[PDB]
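Written below as structure tokens is the structure these notes are about.
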Amino acid sequence: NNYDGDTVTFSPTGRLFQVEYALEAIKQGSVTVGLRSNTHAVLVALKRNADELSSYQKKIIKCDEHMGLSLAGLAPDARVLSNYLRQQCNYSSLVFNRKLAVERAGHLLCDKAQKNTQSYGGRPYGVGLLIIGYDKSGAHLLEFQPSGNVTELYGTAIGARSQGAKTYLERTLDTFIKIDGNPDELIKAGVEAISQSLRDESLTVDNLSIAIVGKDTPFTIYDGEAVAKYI
Amino acid sequence: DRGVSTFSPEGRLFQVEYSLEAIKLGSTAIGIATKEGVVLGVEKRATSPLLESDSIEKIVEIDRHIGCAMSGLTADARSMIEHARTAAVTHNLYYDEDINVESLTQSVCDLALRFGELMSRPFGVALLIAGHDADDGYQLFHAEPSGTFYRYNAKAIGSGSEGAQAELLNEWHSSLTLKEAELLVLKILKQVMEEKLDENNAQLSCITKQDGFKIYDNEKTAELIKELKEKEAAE
Amino acid sequence: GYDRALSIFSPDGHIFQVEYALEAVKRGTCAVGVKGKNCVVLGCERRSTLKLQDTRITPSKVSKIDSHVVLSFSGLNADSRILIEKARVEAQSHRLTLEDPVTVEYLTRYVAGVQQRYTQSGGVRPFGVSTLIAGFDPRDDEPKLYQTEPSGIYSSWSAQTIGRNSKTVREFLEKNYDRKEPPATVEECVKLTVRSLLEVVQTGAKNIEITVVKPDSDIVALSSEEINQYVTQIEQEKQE
Amino acid sequence: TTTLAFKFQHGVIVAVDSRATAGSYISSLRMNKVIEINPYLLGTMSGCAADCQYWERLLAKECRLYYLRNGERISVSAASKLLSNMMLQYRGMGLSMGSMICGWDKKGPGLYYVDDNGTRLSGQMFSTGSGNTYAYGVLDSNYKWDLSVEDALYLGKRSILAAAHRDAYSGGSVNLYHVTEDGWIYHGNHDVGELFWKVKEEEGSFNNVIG
Amino acid sequence: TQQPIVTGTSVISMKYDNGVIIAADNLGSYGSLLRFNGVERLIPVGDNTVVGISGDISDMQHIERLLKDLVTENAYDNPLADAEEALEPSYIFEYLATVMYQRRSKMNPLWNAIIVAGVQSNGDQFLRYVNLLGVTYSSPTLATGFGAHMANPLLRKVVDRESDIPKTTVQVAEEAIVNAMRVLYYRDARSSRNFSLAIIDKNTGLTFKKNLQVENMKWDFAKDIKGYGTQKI
Amino acid sequence: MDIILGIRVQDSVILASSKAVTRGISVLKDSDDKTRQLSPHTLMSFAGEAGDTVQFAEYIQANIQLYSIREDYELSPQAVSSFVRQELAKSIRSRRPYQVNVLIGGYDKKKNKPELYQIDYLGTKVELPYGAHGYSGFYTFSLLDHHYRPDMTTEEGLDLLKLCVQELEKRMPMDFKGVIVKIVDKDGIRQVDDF
Amino acid sequence: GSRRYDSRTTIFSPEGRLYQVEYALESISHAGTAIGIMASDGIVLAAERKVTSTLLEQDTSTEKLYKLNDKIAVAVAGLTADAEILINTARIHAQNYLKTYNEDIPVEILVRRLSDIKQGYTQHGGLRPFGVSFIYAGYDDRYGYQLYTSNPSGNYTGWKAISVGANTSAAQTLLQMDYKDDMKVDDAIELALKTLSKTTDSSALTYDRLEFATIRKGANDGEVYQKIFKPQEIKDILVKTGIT
Amino acid sequence: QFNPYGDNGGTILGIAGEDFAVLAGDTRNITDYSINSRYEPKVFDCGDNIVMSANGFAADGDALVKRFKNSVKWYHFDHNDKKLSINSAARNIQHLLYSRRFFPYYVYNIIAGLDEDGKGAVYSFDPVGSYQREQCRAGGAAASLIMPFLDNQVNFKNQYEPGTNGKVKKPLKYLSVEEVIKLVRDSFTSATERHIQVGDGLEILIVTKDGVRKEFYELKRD
Ligand SMILES: *[C@@](C)(CO)[C@](*)(O)[C@H](Cc1ccccc1)NC(=O)[C@H](Cc1ccc(OC)cc1)NC(=O)[C@H](C)NC(=O)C1=CC2=CCC=CC2=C1C
Ligand SMILES: [Mg+2]
């Protein structure tokens, strides 16, 4: 109300409204799902178009051979943050000959987002990210909020109508975690999860976007007729 | 007052949303992509008859394989074009090749959100970036001041945009020829323009693999206008 | 440093500071530009509220940017000096790095770019000035006349006016200026420029300044008596 | 190296050798010492190969940008000056570049000499490199404005040959160019070994050499 | 640009079937003066890596602290710091190699020659060299300073190529290293009798041996040597 | 470059400057004009290290032309020479000084007098009836000391200048390929095409 | 943050005026009147000190008239402190020009420089403008005797006669009436004092309430002399012209 | 005084075939008269069917390869996984080298792969960035020993057809991969004999449309 003019101002109840408004931009964004087993980690994203003449905005970004994320909210902010991750993944490789741990990647994103919430002049990031990866401790899935909060999960979803997919994953927890050494079945579970967040529209060939990473699988993105198999 | 990089309660940047309103006041620009080429056309909209209309430059060459049309606060576009031209030629210097249309568009859009308290406000102009490369063929992009860019088969921006976009919805198909696309831009421009469309207050351009980016002569456009009138009177 | 964003968008999509800068131009004295077949004339109003003035030393309204290009303006006088100085520096800088003088179109594009930069830079306000830039390109006999404004847009004009009561003199020019046959001689071009100012000026005494620019760096400013002869002839034809 | 270039009635001839040395070792037999800046602009190379390639390929970037901004080809005079101003930024830093900017523009054909010191000279005929003295000997005695395209191409070719023979740091092959108002025209790569014997027989020159 | 003041001499090392061995004497020389007799130049990093350093001792002490700080920093927000995400020999080496090359590129080098010896997660042997110029190389045997000239020849008789590594036991390898250290004591004027030796095995882990001495030395034949040519008495 | 001479007579200033440019052991050009017009009645000849000469001259030219436009007025030769001296005196303590020696010949339209200023690369300025830079004065000053009068005509000044060039051509080891002569008077600057 | 407390000194009004410039001019209108009159053989500068006291040391006092160099002087109207900042800058510019070109600075060039500094404070920096208006009286060999004025907007104009400060409307009318082109310095002195005597808010015009100066070619042969009048000399010229 | 440069010896060789290309180099690393390693790889697969070797000062060579490999990675990120063509890589490397015009990478660099028409390609660089496409190039310590042999046995220089006596040249018939590898092995065996910094081992990387293949051969260890 009087305390939402900038990010440097707490409300009387201890809230940061600019951060909460940035969180709102994620809810307006298109749905995206994340889930993993012990061998693989999968991203599934519903892409959004402007109209029938337009293309479907890309949702998934590759950060390294073993890591990447999907976005929901302001796409340019995802480009800035994914660019930062690319550099950090790259600094780890060039200096330490070491693939960056997914957990440490989250800690770096948290700290970068935080600086924008405590300083005058700047603004919070207006995007949410789902980071998947495979490192020395196996498969991983992270959820990033621009408040700074980063959370390691078995599965999750963010965006509009994301609650439906999140409930499904909460039921299916014991099943999909056990899907080891079977990439296609893990994607099926992800496609079935994101389907719980659809209304009116359904999953078409240029609508759906899938990504996967695993034990002997580099981070690869599937679009177009490559995802027709899963429709 | 309030921050320039402030979020609204709905999760949108105030300044970006307000710049979009300035673009709605701008003169109409239309782009149509085909397998034979991409066509770009604009409304010149001279404020007075004494203004020499050929000095109105709302269609612009970025490289031999990339063209650009603008709508909104057109003065803001000059630095964007300058950056685009530099990026295109600099990549040619570093890699001895043409730069991808998408990569060029992305480089332009990286400027968009460089504002705060860098420049003091977002750009008040939208760009239709049309071009060709070997990998993805003929392409048309719509570059906004939000930093977002969408690829389009056909797109209209400016004051007559939503009326033109609905028309492009019905008319566009994947088998359009270049000649058909030219007439289609002229048709839709004539529809949304206030003043009567002629070769002096409207301008056409295209980008083909063979000849590259070309702005059409007033004599060449005049014939396409006369060809349009006759084919509409034909039924 | 002072970084405050003064020129910003409003809910309706307007930059008020840029629009208020146009109001400062509206307040400024009238300036007019007319191009003939082989020349360009720049007319300028001098408000007669200020007498006891020393006309020898008072800053003239028309300023030479180079030997072949001139610049007149309407709006804040102090602001115009900054643009003129920058333009003059760029003119010599172009000669120095490219070995050709600037084209009128290039000089205009530079001045307009400066004005634009001041609409999206922190800590600065827009120039309260619109300019008329006229001249002849090197080794070219085609006349050139351009206009700029605070927003940074620029364009070429067969004839144009700016400043206070510019709406009236533009009305006059639109009906009197024929594109198919422009003022063939210098006389006809000056006569049409004085006529247009007489719609607005008041007295035709020391209130009208005229500057004729011809090809190949031939620039001269008319005197009081020379202009007074045009004023005399116009009204004597009008009494009929 | 040996490079030359000269203006004449039908434009400008540009001829260069192709040898590259690293001390007394011939590192390259066939190196391109001409840059194709644009269809109407050429640039010769003498000195440090890296410096010549980098700065002239960068000049071509700046010349291309000139065309985009102005919708018009850059002049030979302006192009040469941009390059000389680049050399002037790295004043005394150790760059070794000697080039001739050859082209056709609105003033007609243009030829400018430019070097690492920042020197920029307009002229009808220039020659740079370790073998320039040998080329100047042939050029000065045989040059005319009234030369035919065929004879002018030969003169430049023969002038490089003279230098390739005497100068140990010049040779390999001859690259020829002819600049017209419709642009430059490449006139081939000519091996000196074969060209020498051919010229010796046909011309009767190099009598002192046995073959 | 500087000059080394207090210096440490040869560091020698080799691979064997199950791991790596590395050794270095305990001397800190001040030119020709044998100033400091209790200097440890083998520095363990965790239980899987030993970094042996020769050259300037002040720069060695600096590197020692960078490594100590590296372990501290790796443990930060890392639940698997004593397990999967522990420091590897290849990580530690590349870090040092990055620093060494950066310092030489600023014309202010760390005046050292370093050998990183360890065993990786998958049981693979790691042995790589880096110096003040940022030059890196790997080999079945590695040695710095005088060791390069005298020790390598002896150690290469045991492991001449990659295929000889599985055939070489820890007893044979240690024996060869200890003999090499004796030879260096005979012939290097800036060496000492006292030294330290470290073994990193993929089964038995890190064994760090201190206060070792060169023994079984041959000197008796000196009594018979008289004069420099013609002298008999 | 090599030789630059200057002589001030009754009603004009005459500058003579060599035409040669040499790179290594080869003379690249024999028609080089070692001079720039600073203003309609002010001319500056120059000689020094390669490259620096032209850059400095063109930099000075730009500054004076900028002044002329801003004030719509031509600076006096004295004012220009003082500006040039300051730029050189500023330069001599720079990281990399500009190694350029100049002669400034101008006609003061206010005083109706020709003026010749000699300035070296250190910023050492002197007004003279006749001047030179480098070794040129070693050969020529004896002739000028003997033959020079202040009431000389322009034609007499050219004849005395021919004698100076003839002496240089006889006793100098270097071939400077003749000179380009320019006259500065009340009517402006003009070149003597036959010399 | 800090934005909350920013007055924004460099913005346009909806009408296209600069708020702070307009308010600075309002400040200047309450300052003591200063008059400049240009004649064929010299220039006069007259100015009124503001409500003084008997205990003010007048002979060592200077609030209105200042020397920029030997050829140029200024009369001040507004904040004295602000004026001194600008005056010292102008004195330096004059010396820089003299060092560079070895010639005394032309009057207009000095005026333009100061006026450009004032302009800067109205367009960028976020600082308040200088609350000062100057009358410049000077001589050079191009245009001879010259009068200029500058105000906080950074705009400057040339004059035959001009007033700044209080009651300029009334003062300018009186000057426009009695001024003629063939006028001389002694006559201009009389005009300046008569104008102040009629426009003053004080009961009577006395020597202790005035600062006075002339720039004359009344110096031995072709050269220019600046005369800052002493208290006793102002008292004499008041009796001579018949005001006291 | 500190000397930031060194010489690690070694020798490299690139040959362009009709539809293939090879980049070979010995595996010996040295300082002065000592051997550092008998097997220290010097030719690297950089991705996108491009192989690279920076011979001279190993620390500068390792840094350059490391940076180019990195440049390939960021080329994929920035330009939608587009394949970096051999000509584009060459120009990129020129700029990497010239970044240090005033503190050069003391290395002679060669890369090899296939052009966009599928034909074999070799590009050669000097330490400061001059580059050019070649058919055949040896670099490093024994470059002067090997190049003349390749002029003769690859481009048939000074070879004429019997009976004509110098009138007709030997025609420039193309060479197979098996024939090229023979010339490479003989080149290095010969270099090893007469150059002290060459020996120990020979590693060859062959590039075809099918990918990158390796071959290793022992050399004399003295
Ligand atoms: C003629 C052959 C005179 O020698 C002629 O000038 C050619 C010109 C030319 C132009 C374009 C492409 C190729 C050749 N000049 C050379 O070939 C040139 C001569 C030269 C060598 C070295 C320097 O200083 C670096 C200046 C001029 N040769 C080279 O540029 C060769 C390729 N450069 C080197 O061999 C070289 C070794 C080296 C070690 C450390 C740092 C730099 C190094 C270079 C450039
Ligand atoms: Mg050997």
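Please note that chains go A, B, ... in the order of the structure tokens, that every chain numbers its residues from 1, and that ligands are numbered from 1 in the order shown.
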
Practice task
Check which residues fall inside 6 Å of ligand 1 when counting only C-alpha atoms and all ligand atoms, and print them as a PyMOL selection string.
Solution key: (chain D and resi 1+19-22+31+33+45-49+129-130+169-170) or (chain H and resi 126-128)

Handout entry: Contacts of ligand 2, 7 Å or closer, only C-alpha atoms and all ligand atoms, given as JSON, numbers by chain
Key = {"H": [192, 193, 194, 195, 196, 197, 198, 199, 220, 221, 222]}

Problem - Proximity to chain F - best of C:6, C:32, C:69, C:22, only C-alpha atoms - result: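 Nearest to chain F: C:69.
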
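Of the residues in stretch 173-240 of chain C, those given strand (DSSP E) by DSSP on the backbone are residues 208, 209, 210, 211, 212, 213, 214, 218, 219, 220 and 221 of chain C.
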
Emit the selected residues as an mmCIF file, in the first residue's frame, including C-alpha atoms.
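The resulting file, part21.cif, is reproduced below:
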data_model
loop_
_atom_site.group_PDB
_atom_site.id
_atom_site.type_symbol
_atom_site.label_atom_id
_atom_site.label_comp_id
_atom_site.auth_asym_id
_atom_site.auth_seq_id
_atom_site.Cartn_x
_atom_site.Cartn_y
_atom_site.Cartn_z
ATOM 1 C CA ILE C 208 12.458 40.428 -39.240
ATOM 2 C CA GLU C 209 15.876 38.841 -39.844
ATOM 3 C CA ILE C 210 16.663 37.155 -43.175
ATOM 4 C CA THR C 211 19.646 34.947 -44.057
ATOM 5 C CA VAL C 212 20.174 33.646 -47.599
ATOM 6 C CA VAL C 213 22.314 30.538 -48.161
ATOM 7 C CA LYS C 214 23.378 29.709 -51.729
ATOM 8 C CA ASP C 218 27.765 31.471 -50.271
ATOM 9 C CA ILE C 219 26.029 32.718 -47.096
ATOM 10 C CA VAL C 220 24.938 36.322 -46.463
ATOM 11 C CA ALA C 221 22.637 38.102 -43.985
#

Problem - Given only C-alpha atoms as the counted atoms, nearest of C:106, C:20, C:118, C:177 to chain D - result: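 Among the listed residues, C:106 lies closest to chain D.
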
Exercise for the section: Do me a favour and pick out the residues of chain G within 6 Å of chain C, using only C-alpha atoms, as JSON, numbers by chain. Expected result: {"G": [14, 16, 119, 123, 124, 125, 154, 155, 157, 158, 159, 160, 161]}

Practice task
Write out as a VMD selection string all residues of stretch 61-166 of chain B that DSSP puts in alpha helix (DSSP H) for this structure's backbone.
Solution key: chain B and resid 77 to 95 101 to 112 161 to 166
